[PDB]
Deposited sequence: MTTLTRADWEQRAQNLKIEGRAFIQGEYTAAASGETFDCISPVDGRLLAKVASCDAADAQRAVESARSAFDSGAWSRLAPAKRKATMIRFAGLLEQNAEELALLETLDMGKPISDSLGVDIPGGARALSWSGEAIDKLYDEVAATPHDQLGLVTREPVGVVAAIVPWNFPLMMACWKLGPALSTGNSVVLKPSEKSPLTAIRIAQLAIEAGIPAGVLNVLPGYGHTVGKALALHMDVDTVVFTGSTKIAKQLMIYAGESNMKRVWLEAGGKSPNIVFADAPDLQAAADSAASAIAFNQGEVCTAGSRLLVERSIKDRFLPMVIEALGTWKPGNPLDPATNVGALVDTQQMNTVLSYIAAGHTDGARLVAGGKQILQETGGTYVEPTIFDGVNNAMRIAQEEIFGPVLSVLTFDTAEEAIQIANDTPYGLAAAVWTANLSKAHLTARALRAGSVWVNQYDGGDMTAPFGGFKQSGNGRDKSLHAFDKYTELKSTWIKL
């Protein structure tokens, strides 16, 4: 296992690619302009990264459209797209230490999380999506005997994927896995705060067998190249994760341009409901402490006095550190009777009944996730069912396989990352009704 000094040496010895990627080749932005990618670990200059704009969006989309029309990927046999997507995931694992280090240097994530969670989780989304391709079935309708009615799914064509900086590679792979597996061409626009891993995997896709033009990567700013993609008249679908404010802007851009499909995932405050009969109060307390560090806590009154000190002590475990130290669990970054505030940073809502907890938890713009802690069978299922959240966790927190659609109710977003339902965002339904 690598020490902090090993990672420091590896960091110094990286050669970091900063260019955009279009039609199988790294390329500067048409303007030649760049922005400084500055590490939050120690302020070092990681790379001068291409600052793409509308001219680059245009070239990336032309490349994407032409590749989609060629059929090189969009009409490739499903079992061969499966194999390619699994090789793609394998190349992420084969380059895991470099990718984890790029991620940590780019935006400060602890090297243990980059290497232990994000990069394997990104690989897993690519390979799971590939595995699923030829396990999917479309539909034959119940029709009279002189009719054959097919209901099939087809790729939308050109997909723009705009992702934030919190899980740069893993969020990108959650879009890329299903979007590529269904046969679309993808123009990926990583956050200006974390472009490096997206830039790096562009080349691994080619290595895996993804044809030129099928995955283009445009680093740069949201207000320049992101807006240009959202407004582009030949982009069929934009998928977005990020802030509610930008999510709303994309609907506006869609309406102002070509009525493209828009799928949104927008954070929102996620409640944590702890009942007095939770089976493992220490687990609930660890959960609550985790959410304050790298959420809205609701606690039953009969357990509040006992429970809050456990949250406080558990919070002590989270300590900033150098992200290059494997022991660090929080990145120490550098410049580039119902409601109470208990400590400096402990905000707590108290309830007496489950109905109170549900009404307070649902009193929100919503609503990406929620956790419920109770040993009682009826209260667990009825509370989970009453919460307006795309993900509800019961007696655990942040649980969820690749078999888990991740998304929100209302201003938290629309559509769902992950699962077989993830594919639906990237395909169109067609009805073929054949007279025999």
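Trainee: Would you flag the ranges of the deposited sequence that the structure leaves without C-alpha positions?
Mentor: Those parts of the chain that were deposited but carry no coordinates are 1 to 2, 297 to 305, 348 to 397.
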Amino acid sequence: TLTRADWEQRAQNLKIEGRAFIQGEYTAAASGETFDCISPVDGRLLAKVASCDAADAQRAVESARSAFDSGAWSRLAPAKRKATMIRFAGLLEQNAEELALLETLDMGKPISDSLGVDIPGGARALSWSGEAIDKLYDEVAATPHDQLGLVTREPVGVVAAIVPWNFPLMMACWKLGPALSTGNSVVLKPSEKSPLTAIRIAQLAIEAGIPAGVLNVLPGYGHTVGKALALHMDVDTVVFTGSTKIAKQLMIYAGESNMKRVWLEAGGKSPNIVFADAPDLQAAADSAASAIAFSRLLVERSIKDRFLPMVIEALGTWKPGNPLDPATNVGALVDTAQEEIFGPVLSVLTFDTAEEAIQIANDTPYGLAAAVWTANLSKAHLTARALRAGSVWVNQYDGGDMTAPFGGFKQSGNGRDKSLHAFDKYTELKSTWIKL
From here on, numbers count along this sequence of modelled residues.
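Trainee: Going by the B-factors listed in the PDB entry, is the mean over the C-alpha atoms higher for 181 to 189 or for 321 to 329?
Mentor: Looking at the recorded C-alpha B-factors, 321 to 329 comes out higher on average.
Trainee: Compare the mean C-alpha B-factor of 394 to 402 with that of 378 to 386 as given in the PDB entry, and name the stretch with the higher value.
Mentor: It is 394 to 402 that shows the higher mean C-alpha B-factor.
Trainee: Specify which of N13, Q23, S419, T427 carries the largest Cα B factor in the deposited PDB entry.
Mentor: Highest C-alpha B-factor among the listed residues goes to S419.
Trainee: Just the C-alpha B-factor column, please: which of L99, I133, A337, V156 has the biggest number?
Mentor: The listed residue with the largest C-alpha B-factor is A337.
Trainee: Looking at the temperature factor on the CA atom of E355, which third of the chain's modelled residues does it land in?
Mentor: Highest third, going by the recorded CA B-factors of the chain.
Trainee: By the recorded C-alpha temperature factor, relative to the other modelled residues in its chain, which third is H145 in?
Mentor: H145: CA B-factor falls in the middle third of its chain.
Trainee: Going by the CA temperature factor in the PDB record, which third of the chain does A54 belong to: lowest, middle or highest?
Mentor: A54: CA B-factor falls in the middle third of its chain.
Trainee: Quick check for you: using the entry's CA B-factors within this chain, is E207 in the lowest, middle or highest third?
Mentor: Middle third by C-alpha B-factor.
Trainee: Using the B-factors in the PDB entry, rank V345's C-alpha atom against the chain and give the third, lowest, middle or highest.
Mentor: Tercile = highest for this residue's CA B-factor.
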